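Breakdown of the fold
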Amino acid sequence: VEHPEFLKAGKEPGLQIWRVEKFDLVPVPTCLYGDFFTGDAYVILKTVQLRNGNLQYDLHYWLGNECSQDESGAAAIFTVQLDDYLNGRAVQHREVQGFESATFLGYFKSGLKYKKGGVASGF
Amino acid sequence: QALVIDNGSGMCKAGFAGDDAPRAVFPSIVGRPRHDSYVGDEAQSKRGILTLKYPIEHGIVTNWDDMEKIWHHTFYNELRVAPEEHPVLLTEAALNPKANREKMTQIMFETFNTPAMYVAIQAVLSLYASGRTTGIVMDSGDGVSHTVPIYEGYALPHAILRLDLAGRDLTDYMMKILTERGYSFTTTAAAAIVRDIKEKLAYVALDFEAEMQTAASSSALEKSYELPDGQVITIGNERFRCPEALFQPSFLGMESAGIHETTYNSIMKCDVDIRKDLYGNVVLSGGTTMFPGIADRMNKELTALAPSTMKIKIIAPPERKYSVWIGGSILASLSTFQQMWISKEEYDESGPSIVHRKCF
Ligand SMILES: Nc1ncnc2c1ncn2[C@@H]1O[C@H](COP(=O)(O)OP(=O)(O)OP(=O)(O)O)[C@@H](O)[C@H]1O
Ligand SMILES: [Ca+2]
Ligand SMILES: [Ca+2]
Ligand SMILES: [Ca+2]
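Definitions and limits used
- Residues numbered from 1 in each chain as written, not as in the entry; some residues may be left out.
- Chains lettered and ligands numbered in written order.
- Heavy atoms only, no water.
- Helix = DSSP H or I, 4+ residues; strand = E, 2+ residues; numbered from the N terminus.
- Rg over C-alpha atoms; globule rule 2.2 N^0.38 Å.
- Buried < 20%, exposed > 50% of the residue type's maximum accessible area, 1.4 Å probe, protein only.
- Areas by Shrake-Rupley, 256 points an atom, 1.4 Å probe, with all protein chains shown as cover.
- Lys, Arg positive; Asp, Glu negative; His and termini not counted.
- Charge placed at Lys NZ, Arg CZ, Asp CG, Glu CD.
- Near = heavy atom within 4 Å.
- Polar contact = N/O pair within 3.5 Å; in protein donor to acceptor, adjacent residues only side chain to side chain.
- Donors = N, O, S within 2.8 Å, 3.2 Å for Na, K, Ca; no water.
- Core = buried A, V, L, I, M, F, W, Y, C linked by side-chain atoms within 4.5 Å.
- Domains from an automatic or database assignment.
- Contact = heavy atoms within 4.5 Å.
- Patch = residues over 30% accessible without salt bridge, like charges linked within 9 Å, V, L, I, M, F, W, Y side chains within 5 Å.
- Salt bridge = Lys/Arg side-chain N within 4 Å of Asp/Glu carboxyl O.
- Pairing = 2+ DSSP bridges.
- Axes fitted to C-alpha atoms, helices over the stretch in contact; angles between N-to-C directions.
- Buried area = accessible area lost by both parts, 1.4 Å probe.
- Nonpolar A, V, L, I, M, F, W, Y, C, P; charged D, E, K, R; others polar.

The record lists X-ray crystallography as the method behind this PDB entry and 2.36 Å as its resolution.

Structure, rendered in structure tokens:
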């Protein structure tokens, strides 16, 4: 994978968020982090530095209640690809709207938000 | 414009990456003269003067000349493309023999001159189509059933189980029990008629015995079926007995474990720490999983097999007849896929064995 966003991923501690947009992986502007279109699917990478200083990766794909099949499929595959790209070191988590894990919910300090709509299907 | 071809034992599904459904779905049959060739519905029509053959048995190619005819028809007659112009995604069984993967690759580049190709495991494509990276797929088609545990994007080959009990078997079985009922299917169109009764009227009983009783003591479960000639026959307990045989292979004289148990058995072959996510992501896939009641019955049977506190989820998308195809469409559409392909250039460099390194 030469995907430019791959070159960026998991470089330093932090949270990085991408949205699936027509079969591509597209970064989310940092000032919109936490506001999720329930019509869309997203890939979230959480990079944590341990006491060691060692980099740890948790990779969450979040599926909007109304995201289309191509969107949730792509988010799942992109996740596998990114994990592979990070030498299989990412732990992968499927995050469904309305049922996200506490760890994921914890990533957004002012609480995540849902909003209707999104990018049209790639199909 | 990549193409996606999903070769099954009974049916070939084919289309264009980026479409939400296969454009072409036709029988995986090649007909040659008893005393030139034909594929699909045409072969089936002219079957009185042809020897008809299935190039794929139990999901595995057993006849390459005839497989070539299937692909030639797929490209030229069904999709109407010149294959030299398109990357092609093909699908395979999870445990597809090494030599078969090579031969596919070779045929694609040498016979059809594909500029690019890739081979994907069918079960994995269904998982991806359900928007999961981890789960267990129960894939039941015309010629074979498999339970295929997948973790974080990749199948666990050691954990995979194969059940040689599928649609064709269910169709034969329906023919037997309708005959036993007193009916007689004697025309050339017997198998198609009984296959159609299966697909239109069969369902899986939540409680098999209780259904047997309901059926024996009332007429409520009975359905009318109009034959090609206009004769109307009644389908009673055969509706749920036919697919019961997925759960009870003894109905067919097989010592086999049923689909629920096979699924459990696969999960149990996997590292303890992933089983929770397998039980909670049991994806049904293939034509033979289209029986109404199947998911509920799976859920019930896995529930009875697993600890009581285990969360069991059966996922049975309405479009699971084409799950595999749809996962290929999606996969082959990704911006990231142009780097996954085996290119012509790579093929001329390493030959068919390139597939073992590029595709998995
Ligand atoms: N609605 C239905 N209910 C029950 N069975 C169905 C239904 N629709 C199709 N089938 C059966 O599904 C089988 C075809 O499914 P599919 O195309 O998944 O198989 P395949 O891929 O050709 O077979 P395999 O996967 O075994 O190689 C046929 O036996 C067909 O009769
Ligand atoms: Ca969307
Ligand atoms: Ca990993
Ligand atoms: Ca199949």
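Here the narrative resumes.
Quick word on the overall build of chain B
Counting its regular elements, chain B contains 14 helices and 19 strands. A globule of 360 residues ought to have a C-alpha radius of gyration of about 21 Å, and chain B, at 21 Å, matches this closely. Structurally, chain B occupies a C-alpha span of about 70 × 60 × 35 Å along its principal axes. Each of the 360 residues in chain B was classed as buried or not, and the buried ones make up 55%. Carbon and sulfur atoms make up 48% of the accessible area of chain B, which totals about 15500 Å². Where the 35 positive side-chain charges of chain B centre and where its 45 negative ones centre are 1 Å apart.

With respect to the site of ligand 1
Residue and element names in this part refer to chain B. Around ligand 1, a shell composed of 20 residues is seen, among which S9, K13, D142, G143 and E199 lie nearest. In this structure, an oxygen atom belonging to ligand 1 sits 2.8 Å away from a main-chain N or O atom of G10. One nitrogen or oxygen atom from the side chain of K198 is found 2.9 Å from an oxygen atom belonging to ligand 1. Burial of ligand 1 by the protein amounts to 88% of the accessible area it has alone, namely 650 Å². Elements supplying a minimum of two residues to the shell around ligand 1: β2 (11-16), α5 (167-180) and α6 (190-201). A total of three residues in the shell around ligand 1 trace back to one element, the largest contributor, which is α6.

Topic: the coordination of the calcium ion (ligand 2)
Note on metal sites: the ideal angle is 109.5 degrees for four tetrahedral donors, and 90 or 180 degrees for six octahedral donors. Residue and element names in this part refer to chain A. Taken together, the protein ligands of the calcium ion (ligand 2) are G39 (O), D40 (OD), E71 (OE), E71 (OE) and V119 (O), with distances of 2.1 to 2.6 Å. All donors to the calcium ion (ligand 2) come from one chain, and their sequence spacing reads G-D-x30-E-x47-V. One end of the pair, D40, is in the loop between β3 (35-37) and β4 (41-49); the other, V119, is in the segment after β7 (113-115), and 79 residues separate them in sequence. Both residues of the pair, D40 and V119, belong to the buried class.

Section: the nonpolar core
Across soluble globular proteins, you tend to see nonpolar side chains buried next to one another. Judged by nonpolar contacts, the single largest core of 84 residues is most densely connected at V43(A), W71(B), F75(B), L89(B) and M117(B). Of all the elements, helix α2 (residues 69-85) of chain A adds the most residues to this core, at seven residues. Taken domain by domain, the makeup of this core includes at least three residues from each of domain 1 (1-122 + 324-358) and domain 2 (123-164 + 257-323) of chain B. When neighbours within four sequence positions are excluded, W71(B) is seen to be in contact with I5(B), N7(B), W64(B), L90(B), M104(B), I107(B), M108(B) and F112(B).

Topic: a nonpolar patch on the surface
A surface patch of nonpolar side chains, about 240 Å² in accessible area, is lined by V1(A), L7(A) and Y85(A). For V1(A), a relative accessible area of 31% gives the class partly exposed.

Considerations on the sheet that holds strand β19 (residues 342-343) of chain B
All names here are of chain B. Spatial strand order, β3-β2-β1-β9-β10-β19: six strands in an open sheet with mixed pairing. Each edge of the open sheet is held by one strand with a lone partner, namely β3 (24-27) and β19. For strand β1 (residues 3-7) and β2, the ladder comprises five bridges, and the chain directions are antiparallel. Each bridged residue has a counterpart across the sheet, and for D6 the counterpart in β2 is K13.

A look at the sheet that holds strand β4 (residues 30-33) of chain B
Residue and element names in this part refer to chain B. Spatial ordering of the open sheet is given by β5-β4-β6, a layout of three strands whose pairing is antiparallel. Bordering the open sheet on either side are β5 (38-39) and β6 (50-53), each of which pairs with just one other strand. Of the pairings in the sheet, the one linking β4 to β6 comprises four bridges and is antiparallel in character. Paired with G31 across the two strands is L52, which belongs to β6. Packed onto the sheet, helix α2 (residues 64-79) meets β4, β5 and β6 and runs at close to 115° relative to β4.

Looking at the interface of chain A and chain B
Counting residues at the interface gives 27 residues for chain A, matched by 23 residues for chain B. Roughly 2000 Å² of surface becomes buried between chain A and chain B when both sides are summed, with 59% attributable to carbon and sulfur atoms. On the chain A side of the interface with chain B, the three residues burying the most area are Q69(A), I77(A) and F123(A), jointly 31% of the side's total. If you look at where chain A meets chain B, you find 12 residue pairs in polar contact. Residue assignment for the side of chain A that touches chain B shows that the elements contributing at least two residues are β5 (55-63), α2 and β6 (90-96) of chain A. When residues in the side of chain A that touches chain B are grouped by element, the largest group, 12 residues, is from α2(A). In terms of residue class, the side of chain A that touches chain B is made up of 14 nonpolar, seven polar and six charged.

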